[PDB]
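Okay, so here's the structure we're looking at.
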Amino acid sequence: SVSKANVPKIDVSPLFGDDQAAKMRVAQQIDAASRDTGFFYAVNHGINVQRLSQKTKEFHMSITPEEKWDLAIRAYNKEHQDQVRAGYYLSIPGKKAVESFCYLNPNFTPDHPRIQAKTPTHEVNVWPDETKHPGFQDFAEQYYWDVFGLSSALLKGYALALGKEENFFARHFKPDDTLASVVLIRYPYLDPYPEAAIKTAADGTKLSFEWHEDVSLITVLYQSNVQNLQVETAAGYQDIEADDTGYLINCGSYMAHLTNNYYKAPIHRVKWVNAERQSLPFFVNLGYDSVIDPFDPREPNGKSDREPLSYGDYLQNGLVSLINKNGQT
Ligand SMILES: CC(C)[C@@H](OC(=O)[C@@H](NC(=O)CCC[C@H](N)C(=O)O)C(=O)S)C(=O)O
Ligand SMILES: [Fe+2]
């Protein structure tokens with residue numbers, strides 16, 4: 001008795017080119033979806049998602065328990081105090097089913113100025129041994145740049161949709177300092193599936209992850225073809241159809257702040273499904289010092305009564321708050 005959510009498929013290919021009128025017609029579709037359910041599928045995006053899924057599968061099914069401890073974030077391994085964001089997030093058999101691997105900007109090297117200053121939210125990525133996972137690091141770093149390029153084009157569409165010049169968001173989204181992350185999430189098939197790893201919503205729906213708003217400017221997600229996401233609308237939680245050929249896009253709470261809730265961060269949750277599947281989000285984050293002055297496209301003078309918030313302040317506070325609300329992933 002759950003209605004299907006309206007999640008339009010938008011051909012975003014004009015956002016990579018120079019046909020300005022064509023780009024405005026894409027921007028209108030982004031505006032409409034952002035004002036409706038808050039979700040859309042970006043199609044004709046140019047990324048080889050089948051290869052992404054194959055390379056990610058090869059990694060998840062070959063990594064060993066030894067490697068997981070050696071790559072583990074601080075929540076699982078006290079020896080790794082510098083790893084708050086980047087590294088392996090272990091499962092706990094009988095208690096926690098999901099496991100994942102997160103990496104950040106490949107330009108965050110030991111010599112990067114923010115790494116030298118030990119600025120919060122910046123970390124040097126950790127990678128498994130090359131002989132054990134041949135080609136993985138190179139593939140994953142190239143994927144970061146492929147999805148960064150898609151995300152820059154999507155940000156041009158959001159800017160045009162809000163009545164701004166196309167580089168309004170994209171000028172703060174740069175290869176040398178973006179705080180964007182990739183997460184390679186594995187949701188396992190388990191027989192028997194631990195009840196401790198299943199949450200229950202107030203409406204009785206079985207979930208893997210509770211309701212939340214994303215901590216991002218926008219979220220650019222690839223998932224296997226297994227339906228699982230739900231979005232809260234006025235008519236209740238609705239099912240978001242799977243589409244393993246497109247990227248599912250939504251706004252995060254930084255976009256809601258900047259637009260004075262004109263483009264809301266949709267509240268959504270992840271249903272429990274007993275299936276072996278992948279979920280590969282790219283969280284589009286700006287730079288640490290990036291500050292966009294808030295505005296309101298519903299008001300004639302475009303002024304907002306919100307205070308400017310630096311992206312760095314937003315992000316570190318948001319990641320902690322999400323772990324406190326919905327648990328350590
Ligand atoms: C989006 C997908 C639905 C997926 O969910 C996420 O990745 C979950 N994000 C976070 O935990 C924030 C992870 C932040 C990451 N460590 C970082 O440092 O930048 C959300 O549900 S959003 C899933 O479960 O399939
Ligand atoms: Fe989310």
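Each chain in the structure tokens gets a letter, A, B, ..., in the order shown, and its residues are numbered from 1; ligands are numbered from 1 in order too.
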
- Residues within 8 Å of ligand 1 (only C-alpha atoms and all ligand atoms), as an NGL selection string? :A and (84-86 or 102-104 or 121 or 179-183 or 185 or 187 or 208-210 or 212-215 or 219 or 221 or 223 or 229 or 269-270 or 278-283 or 319 or 322-323 or 328-329)

Same residues, C-alpha atoms, output as an mmCIF file, in the first residue's frame:
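Now in selection38.cif:
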```cif
data_model
loop_
_atom_site.group_PDB
_atom_site.id
_atom_site.type_symbol
_atom_site.label_atom_id
_atom_site.label_comp_id
_atom_site.auth_asym_id
_atom_site.auth_seq_id
_atom_site.Cartn_x
_atom_site.Cartn_y
_atom_site.Cartn_z
ATOM 1 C CA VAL A 84 37.622 9.613 11.059
ATOM 2 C CA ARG A 85 36.100 9.631 7.561
ATOM 3 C CA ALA A 86 38.338 7.637 5.235
ATOM 4 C CA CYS A 102 35.042 5.577 2.129
ATOM 5 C CA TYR A 103 37.614 7.717 0.330
ATOM 6 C CA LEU A 104 38.110 11.461 -0.090
ATOM 7 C CA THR A 121 37.475 16.761 7.756
ATOM 8 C CA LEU A 179 35.583 17.807 0.727
ATOM 9 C CA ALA A 180 33.498 15.440 -1.440
ATOM 10 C CA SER A 181 33.542 11.733 -0.584
ATOM 11 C CA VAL A 182 32.825 8.441 -2.318
ATOM 12 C CA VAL A 183 31.408 5.558 -0.232
ATOM 13 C CA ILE A 185 28.704 0.353 0.424
ATOM 14 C CA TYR A 187 24.570 -4.560 1.742
ATOM 15 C CA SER A 208 18.458 -0.617 7.282
ATOM 16 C CA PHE A 209 18.865 3.153 7.934
ATOM 17 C CA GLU A 210 16.421 5.585 9.530
ATOM 18 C CA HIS A 212 17.362 11.690 7.727
ATOM 19 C CA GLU A 213 18.336 14.640 5.555
ATOM 20 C CA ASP A 214 21.675 14.371 3.750
ATOM 21 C CA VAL A 215 24.824 16.149 4.857
ATOM 22 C CA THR A 219 24.074 13.725 -3.370
ATOM 23 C CA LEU A 221 24.141 8.096 -6.116
ATOM 24 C CA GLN A 223 22.766 1.815 -6.714
ATOM 25 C CA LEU A 229 14.815 3.984 -0.861
ATOM 26 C CA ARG A 269 15.192 6.355 4.569
ATOM 27 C CA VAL A 270 16.563 2.980 3.478
ATOM 28 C CA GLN A 278 25.652 -2.073 -3.762
ATOM 29 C CA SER A 279 25.095 1.552 -2.868
ATOM 30 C CA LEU A 280 27.733 4.001 -4.128
ATOM 31 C CA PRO A 281 27.052 7.604 -3.136
ATOM 32 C CA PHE A 282 29.197 10.630 -3.975
ATOM 33 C CA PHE A 283 28.506 13.398 -1.448
ATOM 34 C CA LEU A 319 28.659 14.178 10.083
ATOM 35 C CA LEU A 322 24.101 12.047 11.699
ATOM 36 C CA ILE A 323 26.162 9.395 13.547
ATOM 37 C CA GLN A 328 27.826 4.623 13.346
ATOM 38 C CA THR A 329 27.801 3.039 9.883
#
```

- Contact residues around region 132-134 of chain A with only C-alpha atoms at 10 Å, ignoring same-chain residues under 4 positions, as a PyMOL selection string: chain A and resi 58-59+62-64+67+127-128+138-139

Residues from the last selection, N, CA, C and O atoms, saved as a CSV table (one decimal), in the first residue's frame:
```csv
chain,number,residue,atom,x,y,z
A,58,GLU,N,34.3,-6.6,-7.3
A,58,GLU,CA,35.6,-7.4,-7.2
A,58,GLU,C,36.3,-7.0,-5.9
A,58,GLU,O,36.9,-7.9,-5.2
A,59,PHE,N,36.3,-5.7,-5.5
A,59,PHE,CA,36.8,-5.3,-4.2
A,59,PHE,C,36.1,-5.9,-3.0
A,59,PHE,O,36.7,-6.4,-2.1
A,62,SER,N,36.6,-9.6,-2.4
A,62,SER,CA,38.0,-10.2,-2.2
A,62,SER,C,38.6,-9.7,-0.9
A,62,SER,O,39.6,-10.3,-0.4
A,63,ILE,N,38.2,-8.5,-0.4
A,63,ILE,CA,38.8,-8.0,0.8
A,63,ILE,C,38.6,-9.0,2.0
A,63,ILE,O,37.6,-9.6,2.1
A,64,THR,N,39.6,-9.1,2.8
A,64,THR,CA,39.6,-10.1,3.9
A,64,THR,C,39.5,-9.4,5.2
A,64,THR,O,39.8,-8.2,5.3
A,67,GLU,N,42.5,-7.4,6.2
A,67,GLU,CA,42.6,-6.1,5.5
A,67,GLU,C,41.7,-5.1,6.1
A,67,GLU,O,42.0,-3.9,6.1
A,127,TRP,N,44.5,2.8,1.4
A,127,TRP,CA,44.2,1.9,0.3
A,127,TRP,C,44.7,0.5,0.6
A,127,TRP,O,45.7,0.4,1.3
A,128,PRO,N,44.0,-0.6,0.2
A,128,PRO,CA,44.6,-1.9,0.4
A,128,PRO,C,45.8,-2.1,-0.5
A,128,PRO,O,46.2,-1.3,-1.3
A,138,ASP,N,43.7,2.8,-8.6
A,138,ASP,CA,43.7,3.6,-9.8
A,138,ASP,C,42.3,3.8,-10.3
A,138,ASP,O,41.9,4.9,-10.7
A,139,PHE,N,41.5,2.7,-10.3
A,139,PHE,CA,40.1,2.8,-10.7
A,139,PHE,C,39.3,3.7,-9.9
A,139,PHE,O,38.6,4.6,-10.4
```

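If you count only C-alpha atoms and ignore residues fewer than 2 places along the chain from residue 224 (chain A), what sits within 8 Å of it is residues 222, 226, 242, 243, 244, 277, 278 and 279 of chain A.
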
Residue selection dump (N, CA, C and O atoms) as a compact mmCIF listing (two decimals), in the first residue's frame:
```txt
# COMPACT_ATOMS: atom_id res chain seq x y z
N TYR A 222 24.78 6.06 -7.20
CA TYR A 222 24.56 4.91 -8.06
C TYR A 222 24.17 3.75 -7.14
O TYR A 222 24.82 3.57 -6.10
N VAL A 226 17.82 -2.89 -7.10
CA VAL A 226 17.04 -3.50 -6.03
C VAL A 226 16.39 -2.33 -5.30
O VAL A 226 17.09 -1.46 -4.75
N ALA A 242 14.08 1.82 -8.38
CA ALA A 242 15.50 1.64 -8.68
C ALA A 242 15.72 1.89 -10.18
O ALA A 242 14.81 1.75 -11.00
N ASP A 243 16.92 2.29 -10.54
CA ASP A 243 17.33 2.54 -11.92
C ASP A 243 18.86 2.40 -11.90
O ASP A 243 19.57 3.38 -11.61
N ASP A 244 19.36 1.22 -12.25
CA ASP A 244 20.81 1.02 -12.23
C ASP A 244 21.51 1.50 -13.50
O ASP A 244 22.67 1.14 -13.71
N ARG A 277 23.65 -6.31 -2.48
CA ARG A 277 23.53 -5.17 -3.38
C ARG A 277 24.58 -4.11 -3.02
O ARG A 277 25.30 -4.23 -2.04
N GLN A 278 24.70 -3.15 -3.94
CA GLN A 278 25.65 -2.07 -3.76
C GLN A 278 24.98 -0.72 -3.73
O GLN A 278 23.99 -0.48 -4.41
N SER A 279 25.60 0.17 -2.95
CA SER A 279 25.09 1.55 -2.87
C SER A 279 26.32 2.46 -2.86
O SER A 279 27.21 2.31 -2.01
```

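Across A:150, A:158, A:188, A:175, the tightest approach to residue 61 (chain A) is made by A:188 when counting only C-alpha atoms.
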
- Task: Give me the residues within 8 Å of residue 41 (chain A) as number ranges by chain, counting only C-alpha atoms and dropping any in the same chain fewer than 6 places off.
- Result: A: 7-10, 243, 246-249

Store the residues picked out above, limited to N, CA, C and O atoms, as a PDB file, in the first residue's frame.
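Once everything was written out, this is result_21.pdb:
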```
ATOM      1  N   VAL A   7       9.766  10.442  -9.527  1.00  0.00           N
ATOM      2  CA  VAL A   7      11.203  10.658  -9.684  1.00  0.00           C
ATOM      3  C   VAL A   7      11.497  10.662 -11.183  1.00  0.00           C
ATOM      4  O   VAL A   7      11.665   9.626 -11.832  1.00  0.00           O
ATOM      5  N   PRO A   8      11.466  11.856 -11.771  1.00  0.00           N
ATOM      6  CA  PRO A   8      11.643  12.000 -13.198  1.00  0.00           C
ATOM      7  C   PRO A   8      13.033  11.626 -13.680  1.00  0.00           C
ATOM      8  O   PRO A   8      13.986  11.820 -12.921  1.00  0.00           O
ATOM      9  N   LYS A   9      13.140  11.178 -14.917  1.00  0.00           N
ATOM     10  CA  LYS A   9      14.435  10.907 -15.524  1.00  0.00           C
ATOM     11  C   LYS A   9      14.769  12.136 -16.359  1.00  0.00           C
ATOM     12  O   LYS A   9      13.973  12.499 -17.242  1.00  0.00           O
ATOM     13  N   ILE A  10      15.850  12.821 -16.043  1.00  0.00           N
ATOM     14  CA  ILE A  10      16.267  14.037 -16.717  1.00  0.00           C
ATOM     15  C   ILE A  10      17.547  13.787 -17.510  1.00  0.00           C
ATOM     16  O   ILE A  10      18.555  13.378 -16.931  1.00  0.00           O
ATOM     17  N   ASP A 243      16.922   2.287 -10.544  1.00  0.00           N
ATOM     18  CA  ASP A 243      17.327   2.536 -11.917  1.00  0.00           C
ATOM     19  C   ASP A 243      18.860   2.400 -11.900  1.00  0.00           C
ATOM     20  O   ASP A 243      19.569   3.379 -11.606  1.00  0.00           O
ATOM     21  N   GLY A 246      21.022   4.986 -14.215  1.00  0.00           N
ATOM     22  CA  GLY A 246      21.096   6.408 -13.932  1.00  0.00           C
ATOM     23  C   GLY A 246      21.673   6.692 -12.548  1.00  0.00           C
ATOM     24  O   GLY A 246      22.006   5.799 -11.779  1.00  0.00           O
ATOM     25  N   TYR A 247      21.888   7.977 -12.292  1.00  0.00           N
ATOM     26  CA  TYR A 247      22.323   8.416 -10.969  1.00  0.00           C
ATOM     27  C   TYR A 247      21.129   9.079 -10.262  1.00  0.00           C
ATOM     28  O   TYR A 247      20.466   9.938 -10.866  1.00  0.00           O
ATOM     29  N   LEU A 248      20.842   8.687  -9.047  1.00  0.00           N
ATOM     30  CA  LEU A 248      19.767   9.295  -8.264  1.00  0.00           C
ATOM     31  C   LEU A 248      20.344  10.524  -7.569  1.00  0.00           C
ATOM     32  O   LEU A 248      21.394  10.475  -6.919  1.00  0.00           O
ATOM     33  N   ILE A 249      19.725  11.678  -7.833  1.00  0.00           N
ATOM     34  CA  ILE A 249      20.190  12.946  -7.301  1.00  0.00           C
ATOM     35  C   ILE A 249      19.187  13.525  -6.317  1.00  0.00           C
ATOM     36  O   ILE A 249      17.960  13.486  -6.566  1.00  0.00           O
TER      37      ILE A 249
END
```

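Residue nearest ligand 2 within the list A:253, A:178, A:50, A:261: A:253 [criterion: smallest interatomic distance, only C-alpha atoms and all ligand atoms].
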